[PDB]
$ cat input-v4.cif   # mmCIF, N, CA and C atoms
data_input
loop_
_atom_site.label_atom_id
_atom_site.label_comp_id
_atom_site.auth_asym_id
_atom_site.auth_seq_id
_atom_site.Cartn_x
_atom_site.Cartn_y
_atom_site.Cartn_z
N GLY A 1 101.71 122.36 150.48
CA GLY A 1 102.34 123.36 151.37
C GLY A 1 103.63 122.85 151.99
N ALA A 2 103.78 121.53 152.06
CA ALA A 2 104.96 120.93 152.68
C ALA A 2 106.04 120.65 151.64
N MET A 3 105.78 121.09 150.40
CA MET A 3 106.71 120.93 149.28
C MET A 3 106.77 119.48 148.79
N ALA A 4 105.65 118.98 148.27
CA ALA A 4 105.66 117.72 147.54
C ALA A 4 106.44 117.92 146.25
N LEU A 5 106.13 119.00 145.55
CA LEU A 5 106.99 119.51 144.50
C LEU A 5 108.06 120.33 145.16
N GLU A 6 109.29 120.16 144.69
CA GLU A 6 110.44 120.94 145.11
C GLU A 6 110.14 121.94 146.20
N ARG A 7 109.54 123.05 145.80
CA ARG A 7 109.19 124.09 146.73
C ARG A 7 107.75 124.60 146.46
N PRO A 8 107.53 125.26 145.31
CA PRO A 8 106.24 125.83 144.84
C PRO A 8 105.01 124.97 145.08
N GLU A 9 105.00 123.83 144.44
CA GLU A 9 103.84 122.94 144.40
C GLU A 9 102.73 123.49 143.52
N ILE A 10 102.92 123.31 142.22
CA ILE A 10 101.97 123.71 141.19
C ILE A 10 102.28 122.93 139.91
N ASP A 11 101.69 123.36 138.79
CA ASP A 11 101.90 122.74 137.47
C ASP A 11 101.25 121.37 137.41
N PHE A 12 101.84 120.46 138.15
CA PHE A 12 101.43 119.08 138.22
C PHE A 12 100.48 118.91 139.40
N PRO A 13 99.88 117.73 139.57
CA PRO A 13 99.11 117.37 140.78
C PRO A 13 99.96 117.34 142.06
N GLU A 14 101.00 118.19 142.08
CA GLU A 14 101.93 118.33 143.20
C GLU A 14 102.71 117.05 143.49
N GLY A 15 104.00 117.22 143.72
CA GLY A 15 104.85 116.08 144.01
C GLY A 15 105.59 115.54 142.79
N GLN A 16 105.56 116.28 141.69
CA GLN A 16 106.30 115.88 140.49
C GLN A 16 107.36 116.93 140.16
N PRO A 17 108.54 116.84 140.78
CA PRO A 17 109.58 117.85 140.64
C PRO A 17 110.59 117.56 139.53
N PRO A 18 111.07 118.63 138.87
CA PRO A 18 112.13 118.57 137.86
C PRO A 18 113.50 118.37 138.49
N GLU A 19 113.81 119.27 139.42
CA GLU A 19 115.00 119.20 140.26
C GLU A 19 116.23 119.62 139.49
N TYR A 20 116.03 120.30 138.36
CA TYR A 20 117.16 120.61 137.50
C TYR A 20 118.03 121.69 138.06
N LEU A 21 117.50 122.33 139.04
CA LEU A 21 118.20 123.38 139.76
C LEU A 21 119.60 122.87 140.13
N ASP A 22 120.65 123.46 139.55
CA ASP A 22 121.99 122.95 139.81
C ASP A 22 122.73 123.83 140.80
N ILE A 23 123.04 123.28 141.97
CA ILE A 23 123.71 124.04 143.01
C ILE A 23 125.19 123.70 143.10
N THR A 24 126.01 124.73 143.13
CA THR A 24 127.43 124.56 143.40
C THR A 24 127.92 125.68 144.32
N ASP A 25 128.14 125.35 145.59
CA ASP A 25 128.53 126.35 146.58
C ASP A 25 130.00 126.72 146.41
N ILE A 26 130.27 128.02 146.42
CA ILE A 26 131.60 128.55 146.16
C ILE A 26 131.94 129.62 147.20
N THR A 27 132.39 129.19 148.37
CA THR A 27 132.81 130.09 149.43
C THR A 27 131.62 130.57 150.27
N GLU A 28 131.91 130.89 151.53
CA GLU A 28 130.94 131.20 152.56
C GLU A 28 131.64 132.13 153.54
N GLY A 29 131.02 133.25 153.87
CA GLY A 29 131.79 134.34 154.45
C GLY A 29 131.36 134.80 155.82
N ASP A 30 130.40 135.71 155.84
CA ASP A 30 130.07 136.53 157.01
C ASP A 30 129.75 135.70 158.24
N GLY A 31 128.87 134.72 158.11
CA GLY A 31 128.48 133.96 159.28
C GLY A 31 127.25 133.09 159.09
N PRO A 32 126.08 133.67 158.74
CA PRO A 32 124.83 132.94 158.68
C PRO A 32 124.51 132.48 157.26
N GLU A 33 123.56 131.59 157.13
CA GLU A 33 123.24 131.00 155.86
C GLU A 33 121.75 131.10 155.63
N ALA A 34 121.37 131.68 154.50
CA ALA A 34 119.98 131.89 154.19
C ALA A 34 119.27 130.56 154.01
N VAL A 35 118.42 130.21 154.95
CA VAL A 35 117.67 128.96 154.82
C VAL A 35 116.37 128.98 155.63
N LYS A 36 115.27 129.17 154.90
CA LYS A 36 113.91 129.05 155.45
C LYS A 36 113.62 129.97 156.64
N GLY A 37 112.79 130.98 156.40
CA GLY A 37 112.41 131.92 157.44
C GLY A 37 113.45 133.00 157.62
N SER A 38 114.65 132.72 157.15
CA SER A 38 115.71 133.68 157.15
C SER A 38 115.51 134.68 156.03
N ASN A 39 115.65 135.94 156.39
CA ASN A 39 115.60 137.02 155.43
C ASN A 39 116.77 136.87 154.48
N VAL A 40 116.51 137.05 153.21
CA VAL A 40 117.52 136.81 152.19
C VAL A 40 117.91 138.11 151.54
N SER A 41 119.19 138.25 151.27
CA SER A 41 119.69 139.38 150.54
C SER A 41 120.87 138.95 149.68
N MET A 42 120.68 138.91 148.37
CA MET A 42 121.70 138.35 147.49
C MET A 42 121.51 138.80 146.05
N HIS A 43 122.45 138.41 145.20
CA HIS A 43 122.40 138.77 143.78
C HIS A 43 123.08 137.71 142.92
N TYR A 44 122.60 137.56 141.69
CA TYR A 44 123.18 136.64 140.71
C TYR A 44 123.55 137.42 139.48
N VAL A 45 124.19 136.74 138.54
CA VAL A 45 124.46 137.25 137.21
C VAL A 45 124.62 136.08 136.25
N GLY A 46 123.83 136.08 135.18
CA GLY A 46 123.77 134.95 134.29
C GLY A 46 124.76 135.02 133.15
N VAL A 47 125.20 133.85 132.70
CA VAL A 47 126.10 133.75 131.58
C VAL A 47 125.48 132.94 130.47
N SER A 48 126.03 133.17 129.28
CA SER A 48 125.72 132.41 128.08
C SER A 48 124.23 132.33 127.81
N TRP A 49 123.87 131.40 126.93
CA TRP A 49 122.51 131.20 126.47
C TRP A 49 122.01 132.40 125.65
N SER A 50 122.16 133.61 126.18
CA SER A 50 121.80 134.82 125.45
C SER A 50 122.89 135.26 124.49
N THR A 51 124.11 135.43 124.99
CA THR A 51 125.14 136.07 124.18
C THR A 51 126.53 135.45 124.39
N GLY A 52 126.60 134.38 125.16
CA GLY A 52 127.88 133.78 125.45
C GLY A 52 128.53 134.40 126.65
N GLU A 53 128.41 133.71 127.77
CA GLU A 53 129.07 134.08 129.01
C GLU A 53 128.42 135.29 129.67
N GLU A 54 128.93 135.59 130.85
CA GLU A 54 128.43 136.65 131.74
C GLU A 54 127.85 137.85 130.98
N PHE A 55 126.57 138.12 131.22
CA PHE A 55 125.91 139.26 130.60
C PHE A 55 124.96 139.96 131.59
N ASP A 56 124.11 139.18 132.27
CA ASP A 56 123.08 139.75 133.15
C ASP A 56 122.30 138.64 133.84
N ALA A 57 121.80 138.90 135.05
CA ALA A 57 120.98 137.94 135.76
C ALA A 57 119.52 138.35 135.77
N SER A 58 118.68 137.43 136.17
CA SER A 58 117.30 137.73 136.50
C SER A 58 117.29 138.51 137.80
N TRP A 59 118.17 138.07 138.68
CA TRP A 59 118.38 138.68 139.97
C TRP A 59 119.06 140.04 139.83
N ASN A 60 119.77 140.23 138.72
CA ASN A 60 120.52 141.47 138.49
C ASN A 60 119.57 142.61 138.15
N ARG A 61 119.03 143.22 139.18
CA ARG A 61 118.17 144.38 139.03
C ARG A 61 118.90 145.62 139.53
N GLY A 62 120.17 145.43 139.88
CA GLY A 62 120.98 146.50 140.42
C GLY A 62 120.93 146.50 141.93
N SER A 63 119.79 146.10 142.47
CA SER A 63 119.58 146.04 143.90
C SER A 63 119.58 144.60 144.38
N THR A 64 120.12 144.38 145.57
CA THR A 64 120.11 143.06 146.18
C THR A 64 118.67 142.61 146.45
N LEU A 65 118.36 141.37 146.13
CA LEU A 65 117.04 140.83 146.39
C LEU A 65 116.89 140.56 147.87
N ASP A 66 115.85 141.14 148.47
CA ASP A 66 115.61 140.97 149.88
C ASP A 66 114.24 140.34 150.09
N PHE A 67 114.25 139.06 150.38
CA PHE A 67 113.01 138.33 150.62
C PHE A 67 113.25 137.19 151.59
N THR A 68 112.22 136.79 152.32
CA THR A 68 112.37 135.70 153.27
C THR A 68 112.17 134.35 152.60
N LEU A 69 113.22 133.52 152.60
CA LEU A 69 113.10 132.13 152.18
C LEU A 69 112.09 131.46 153.08
N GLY A 70 111.46 130.39 152.65
CA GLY A 70 110.57 129.73 153.57
C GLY A 70 109.65 128.72 152.94
N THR A 71 110.16 127.94 152.00
CA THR A 71 109.47 126.71 151.60
C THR A 71 108.22 127.01 150.78
N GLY A 72 108.35 126.89 149.47
CA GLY A 72 107.25 127.21 148.59
C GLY A 72 107.16 128.69 148.34
N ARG A 73 108.25 129.37 148.65
CA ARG A 73 108.33 130.82 148.52
C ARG A 73 108.34 131.22 147.05
N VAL A 74 109.17 130.53 146.27
CA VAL A 74 109.35 130.85 144.86
C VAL A 74 109.36 129.59 144.00
N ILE A 75 109.89 129.68 142.78
CA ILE A 75 109.86 128.57 141.83
C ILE A 75 110.66 127.35 142.30
N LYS A 76 110.59 126.29 141.48
CA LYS A 76 111.03 124.93 141.86
C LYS A 76 112.48 124.83 142.32
N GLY A 77 113.22 125.91 142.19
CA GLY A 77 114.63 125.86 142.57
C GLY A 77 115.19 127.12 143.23
N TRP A 78 114.48 128.24 143.17
CA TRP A 78 114.97 129.46 143.83
C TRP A 78 115.09 129.24 145.33
N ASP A 79 114.11 128.56 145.93
CA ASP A 79 114.19 128.21 147.34
C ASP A 79 115.39 127.31 147.58
N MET A 80 115.73 126.49 146.58
CA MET A 80 116.84 125.56 146.70
C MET A 80 118.17 126.29 146.68
N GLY A 81 118.27 127.26 145.79
CA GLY A 81 119.51 127.97 145.60
C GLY A 81 119.90 128.80 146.80
N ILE A 82 118.92 129.50 147.36
CA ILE A 82 119.14 130.33 148.53
C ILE A 82 119.35 129.46 149.74
N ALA A 83 118.52 128.42 149.88
CA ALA A 83 118.57 127.56 151.05
C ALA A 83 119.89 126.83 151.11
N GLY A 84 120.82 127.42 151.83
CA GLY A 84 122.16 126.89 151.88
C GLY A 84 123.20 127.96 151.66
N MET A 85 122.83 129.00 150.93
CA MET A 85 123.71 130.12 150.73
C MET A 85 124.17 130.70 152.05
N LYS A 86 125.42 131.09 152.11
CA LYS A 86 125.96 131.71 153.31
C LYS A 86 126.30 133.14 153.01
N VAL A 87 125.95 134.03 153.94
CA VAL A 87 126.18 135.43 153.76
C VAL A 87 127.64 135.66 153.49
N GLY A 88 127.91 136.32 152.40
CA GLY A 88 129.26 136.68 152.06
C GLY A 88 129.95 135.58 151.30
N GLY A 89 129.15 134.74 150.67
CA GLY A 89 129.67 133.64 149.89
C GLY A 89 129.10 133.61 148.49
N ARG A 90 129.67 132.76 147.65
CA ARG A 90 129.30 132.71 146.24
C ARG A 90 128.76 131.32 145.89
N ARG A 91 128.00 131.24 144.81
CA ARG A 91 127.53 129.96 144.30
C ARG A 91 127.42 130.02 142.79
N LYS A 92 127.61 128.89 142.15
CA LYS A 92 127.31 128.78 140.75
C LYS A 92 126.01 128.03 140.58
N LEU A 93 125.06 128.68 139.94
CA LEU A 93 123.76 128.08 139.74
C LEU A 93 123.47 127.90 138.26
N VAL A 94 123.07 126.70 137.88
CA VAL A 94 122.64 126.47 136.52
C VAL A 94 121.12 126.50 136.46
N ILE A 95 120.61 127.32 135.54
CA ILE A 95 119.19 127.63 135.45
C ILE A 95 118.45 126.69 134.49
N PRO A 96 117.49 125.92 135.02
CA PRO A 96 116.61 125.08 134.21
C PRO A 96 115.40 125.82 133.67
N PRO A 97 114.94 125.42 132.48
CA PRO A 97 113.74 125.96 131.87
C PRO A 97 112.47 125.28 132.34
N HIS A 98 112.62 124.22 133.11
CA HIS A 98 111.50 123.65 133.83
C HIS A 98 111.56 124.12 135.27
N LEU A 99 112.20 125.27 135.47
CA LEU A 99 112.35 125.82 136.79
C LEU A 99 112.62 127.32 136.75
N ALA A 100 113.89 127.66 136.67
CA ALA A 100 114.36 129.04 136.88
C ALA A 100 114.18 129.96 135.68
N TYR A 101 114.45 129.45 134.48
CA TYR A 101 114.44 130.27 133.27
C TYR A 101 113.07 130.89 133.01
N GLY A 102 112.04 130.12 133.27
CA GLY A 102 110.72 130.49 132.81
C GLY A 102 109.68 129.41 132.96
N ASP A 103 110.13 128.17 133.22
CA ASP A 103 109.25 127.01 133.40
C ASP A 103 108.35 126.84 132.17
N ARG A 104 108.83 127.42 131.07
CA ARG A 104 108.11 127.42 129.81
C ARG A 104 109.02 126.87 128.71
N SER A 105 110.31 127.21 128.80
CA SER A 105 111.38 126.63 127.97
C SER A 105 111.30 127.06 126.50
N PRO A 106 112.33 127.79 126.04
CA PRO A 106 112.48 128.20 124.64
C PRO A 106 113.10 127.09 123.77
N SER A 107 114.19 126.53 124.27
CA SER A 107 114.94 125.51 123.56
C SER A 107 114.45 124.13 124.00
N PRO A 108 114.96 123.03 123.40
CA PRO A 108 114.70 121.67 123.87
C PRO A 108 114.71 121.57 125.40
N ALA A 109 115.67 122.26 126.01
CA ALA A 109 115.80 122.32 127.45
C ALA A 109 116.90 123.30 127.82
N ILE A 110 116.78 124.53 127.30
CA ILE A 110 117.82 125.58 127.38
C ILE A 110 118.68 125.49 128.65
N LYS A 111 119.94 125.06 128.47
CA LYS A 111 120.86 124.74 129.58
C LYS A 111 122.06 123.90 129.08
N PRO A 112 121.82 122.84 128.27
CA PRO A 112 122.87 121.97 127.75
C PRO A 112 123.36 122.40 126.37
N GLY A 113 122.44 122.51 125.41
CA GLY A 113 122.76 123.10 124.12
C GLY A 113 123.19 124.53 124.31
N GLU A 114 122.55 125.16 125.28
CA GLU A 114 122.94 126.47 125.76
C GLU A 114 123.81 126.30 127.00
N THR A 115 123.94 127.34 127.79
CA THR A 115 124.66 127.25 129.06
C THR A 115 124.21 128.38 129.98
N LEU A 116 123.23 128.11 130.82
CA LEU A 116 122.64 129.16 131.65
C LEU A 116 123.28 129.18 133.03
N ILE A 117 124.30 130.01 133.22
CA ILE A 117 125.02 130.00 134.49
C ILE A 117 124.82 131.29 135.25
N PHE A 118 124.15 131.22 136.37
CA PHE A 118 123.89 132.41 137.15
C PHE A 118 124.70 132.37 138.43
N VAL A 119 125.77 133.15 138.43
CA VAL A 119 126.68 133.20 139.56
C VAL A 119 126.13 134.11 140.65
N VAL A 120 126.10 133.58 141.85
CA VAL A 120 125.36 134.19 142.94
C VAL A 120 126.26 134.54 144.11
N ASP A 121 125.92 135.62 144.78
CA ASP A 121 126.59 136.01 146.01
C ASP A 121 125.57 136.34 147.09
N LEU A 122 125.61 135.61 148.19
CA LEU A 122 124.82 135.98 149.35
C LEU A 122 125.56 137.09 150.05
N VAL A 123 124.86 138.17 150.37
CA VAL A 123 125.49 139.32 150.99
C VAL A 123 124.80 139.73 152.29
N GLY A 124 123.70 139.06 152.63
CA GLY A 124 123.05 139.33 153.89
C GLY A 124 121.90 138.39 154.19
N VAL A 125 121.68 138.16 155.47
CA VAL A 125 120.56 137.38 155.94
C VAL A 125 119.80 138.24 156.95
N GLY A 126 118.79 137.67 157.58
CA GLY A 126 118.06 138.40 158.60
C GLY A 126 118.67 138.20 159.97
#
$ encode --input "input-v4.cif" --output "structure tokens"
Amino acid sequence: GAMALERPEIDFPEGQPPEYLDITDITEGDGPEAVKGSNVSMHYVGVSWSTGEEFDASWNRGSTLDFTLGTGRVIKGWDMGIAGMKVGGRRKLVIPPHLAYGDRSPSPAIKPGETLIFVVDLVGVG
């Protein structure tokens, strides 16, 4: 519950994290930053791996994702990506297959041979 593994704490006997979640913060706008207990509202869009460059995100459902961050909330890196995001700012996130893609992995490690880039924008907090 205290996040021995990244955030989730599953798969392994807990405490064995991949950490492949790649964070790159790109601008910060409105004021607050989504981090633990803070209501989250944001969107991503993924590039490459499927068709070469920007095509669609997991987060890209048309609607902004609204959920409260808070430690073990989601997979091994979604809590990581949001935790730090600032409302009205952007981030470049690289999606791991031992984390964000599926934690099941299609390729050797879909990300390097491929290129899974999910560009994110925080647009609101609680």
$ atom_distance --input "input-v4.cif" --atom1 "CA of residue 2 in chain A" --atom2 "CA of residue 15 in chain A"
9.9 Å
$ residues_around --input "input-v4.cif" --residues "range 99-107 of chain A" --least-positions-apart "6" --cutoff "7 Å" --atoms "all atoms listed in the file" --output "number ranges by chain"
A: 20-21, 75-78
$ closest_residue --input "input-v4.cif" --among "A:3, A:40, A:23, A:85" --to "residue 126 in chain A" --atoms "only N, CA and C atoms"
A:40
$ atom_distance --input "input-v4.cif" --atom1 "CA of residue 119 in chain A" --atom2 "CA of residue 68 in chain A"
20.0 Å
$ atom_distance --input "input-v4.cif" --atom1 "CA of residue 109 in chain A" --atom2 "atom N of residue 47 in chain A"
15.8 Å
$ select_by_dssp --input "input-v4.cif" --residues "range 3-124 of chain A" --states "strand (DSSP E)" --output "VMD selection string"
chain A and resid 22 to 26 39 to 47 65 to 68 89 to 94 117 to 124
$ closest_residue --input "input-v4.cif" --among "A:18, A:45, A:112, A:34" --to "residue 82 in chain A" --atoms "only N, CA and C atoms"
A:34
$ closest_residue --input "input-v4.cif" --among "A:16, A:48, A:38, A:24" --to "residue 71 in chain A" --atoms "only C-alpha atoms"
A:38
$ resolve_selection --input "input-v4.cif" --expression "the PyMOL selection byres ((chain A and resi 125) around 8)" --output "ChimeraX atom specification"
/A:32-35,38-42,86-88,122-124,126
$ residues_near_point --input "input-v4.cif" --point "(133.3, 138.9, 155.9)" --cutoff "8 Å" --atoms "all atoms listed in the file" --output "JSON, numbers by chain"
{"A": [28, 29, 30, 31, 87, 88, 89]}
$ axis_aligned_box --input "input-v4.cif" --around "range 83-94 of chain A" --padding-each-side "4 Å" --output "JSON"
{"center_x": 124.2, "center_y": 131.6, "center_z": 145.2, "size_x": 19.4, "size_y": 18.2, "size_z": 25.5}
$ closest_residue --input "input-v4.cif" --among "A:49, A:79, A:11, A:60" --to "residue 36 in chain A" --atoms "only N, CA and C atoms"
A:79
$ closest_residue --input "input-v4.cif" --among "A:59, A:52, A:73, A:91" --to "residue 115 in chain A" --atoms "all atoms listed in the file"
A:52
$ closest_residue --input "input-v4.cif" --among "A:96, A:84, A:44, A:53" --to "residue 65 in chain A" --atoms "only N, CA and C atoms"
A:44
$ select_by_dssp --input "input-v4.cif" --residues "chain A" --states "alpha helix (DSSP H)" --output "list in words"
residues 78, 79, 80, 81 and 82 of chain A
$ decode --input "input-v4.cif" --residues "range 1-61 of chain A" --atoms "C-alpha atoms" --output "short mmCIF file (atom, residue, chain, number, x, y, z; two decimals), in the first residue's frame"
data_model
loop_
_atom_site.label_atom_id
_atom_site.label_comp_id
_atom_site.auth_asym_id
_atom_site.auth_seq_id
_atom_site.Cartn_x
_atom_site.Cartn_y
_atom_site.Cartn_z
CA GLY A 1 0.00 0.00 0.00
CA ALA A 2 2.97 2.31 0.55
CA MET A 3 4.23 1.58 -2.98
CA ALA A 4 7.05 -0.94 -2.61
CA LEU A 5 6.47 -1.40 -6.31
CA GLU A 6 6.38 1.91 -8.14
CA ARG A 7 2.76 2.57 -7.39
CA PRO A 8 0.39 -0.48 -7.97
CA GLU A 9 2.17 -3.18 -6.01
CA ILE A 10 1.32 -6.41 -7.82
CA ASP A 11 2.82 -8.93 -10.30
CA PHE A 12 5.83 -9.58 -8.14
CA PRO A 13 6.05 -10.15 -4.33
CA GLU A 14 5.83 -6.32 -4.26
CA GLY A 15 8.85 -4.05 -4.33
CA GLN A 16 10.20 -5.12 -7.73
CA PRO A 17 9.64 -2.11 -10.02
CA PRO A 18 10.45 -1.70 -13.76
CA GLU A 19 10.54 2.08 -13.61
CA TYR A 20 10.57 2.36 -17.38
CA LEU A 21 8.06 5.10 -17.19
CA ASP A 22 9.89 7.94 -18.95
CA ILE A 23 8.99 11.43 -17.75
CA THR A 24 9.87 14.63 -19.56
CA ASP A 25 8.11 17.78 -18.33
CA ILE A 26 7.36 20.32 -21.04
CA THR A 27 5.85 23.56 -19.70
CA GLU A 28 3.58 24.25 -16.72
CA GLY A 29 0.73 26.70 -16.85
CA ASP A 30 -2.36 27.39 -14.78
CA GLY A 31 -1.03 27.02 -11.26
CA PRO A 32 -1.39 23.65 -9.47
CA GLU A 33 0.25 20.32 -10.12
CA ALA A 34 -1.50 16.99 -10.05
CA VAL A 35 0.16 15.00 -7.30
CA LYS A 36 -1.47 12.51 -4.90
CA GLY A 37 -4.99 13.17 -3.64
CA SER A 38 -5.28 15.89 -6.21
CA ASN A 39 -8.05 15.43 -8.70
CA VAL A 40 -6.57 14.89 -12.12
CA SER A 41 -7.78 16.08 -15.47
CA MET A 42 -5.55 15.56 -18.49
CA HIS A 43 -5.01 13.92 -21.88
CA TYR A 44 -2.25 12.21 -23.88
CA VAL A 45 -1.70 11.18 -27.47
CA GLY A 46 0.64 8.41 -28.53
CA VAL A 47 3.09 8.30 -31.39
CA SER A 48 4.77 5.60 -33.42
CA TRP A 49 4.93 1.92 -32.56
CA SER A 50 1.55 1.49 -34.30
CA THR A 51 1.91 3.54 -37.47
CA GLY A 52 4.81 5.94 -37.07
CA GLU A 53 4.37 9.08 -35.04
CA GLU A 54 1.31 10.78 -33.54
CA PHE A 55 -1.81 8.69 -34.07
CA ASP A 56 -3.78 8.18 -30.82
CA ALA A 57 -3.40 7.77 -27.05
CA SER A 58 -4.74 5.37 -24.50
CA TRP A 59 -5.79 8.50 -22.71
CA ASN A 60 -7.25 9.81 -25.99
CA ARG A 61 -10.89 8.94 -25.42
#
